[PDB]
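Structure first, commentary second.
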Amino acid sequence: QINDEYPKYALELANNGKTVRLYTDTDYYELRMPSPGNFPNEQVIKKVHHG
Amino acid sequence: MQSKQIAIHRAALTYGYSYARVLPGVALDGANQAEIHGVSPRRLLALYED
Numbered sequence: 154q155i156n157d158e159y160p161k162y163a164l165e166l167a168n169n170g171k172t173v174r175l176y177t178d179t180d181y182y183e184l185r186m187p188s189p190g191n192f193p194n195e196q197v198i199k200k201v202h203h204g
Numbered sequence: 104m105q106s107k108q109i110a111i112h113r114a115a116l117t118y119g120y121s122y123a124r125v126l127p128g129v130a131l132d133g134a135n136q137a138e139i140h141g142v143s144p145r146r147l148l149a150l151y152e153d
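Residue numbers (the authors' numbering), protein chains in the order written: chain A, 154 to 204; chain L, 104 to 153.
Here is the structure:
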């Protein structure tokens with residue numbers, strides 16, 4: 154925490170509260186969250202490569 | 104160090120002492136660039152013969 158400039162993984166909640174995005178070094182995965190804490194398995198984890 | 108000196112000074116003024124660690128490292132361009140990391144007294148136990 155003290156001596157790092159960037160995190161390893163970041164979990165981001167959308168400003169509308171509907172989607173949750175998990176960020177990594179090269180890619181981030183977007184998850185559909187209808188209810189807080191509810192992540193249905195029917196949804197497909199969209200993968201985006203920000204690079 | 105412009106910002107880490109603040110933490111080093113805070114630790115030294117609070118606990119009475121503080122430490123900074125200078126270990127070898129490599130910069131983006133190569134050559135040789137040491138890294139300086141402020142160390143809290145609560146995470147280091149330094150032993151001196153004097």
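Just so you know, even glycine gets a beta-carbon here, dropped at the ideal spot from N, CA and C.
{"Item": "Chain A residues whose Cβ lies nearer than 8 angstroms to that of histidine 112 of chain L", "Value": "In chain order: nothing, as chain A lies at least about 15 angstroms away."}
{"Item": "Terminal residues of the alpha helix (DSSP H) in which residue 76 of chain L lies", "Value": "Since the displayed chain L opens at 104 and closes at 153, residue 76 of chain L lies outside it and no answer follows."}
{"Item": "Opposing strand residues paired with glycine 141 of chain L [DSSP bridges]", "Value": "L/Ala123"}
{"Item": "Cβ of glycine 128 of chain L within 9 angstroms of any chain A Cβ", "Value": "no"}
{"Item": "Chain L contacts from the stretch 170-202 of chain A (Cβ-Cβ distance under 8 angstroms)", "Value": "none"}
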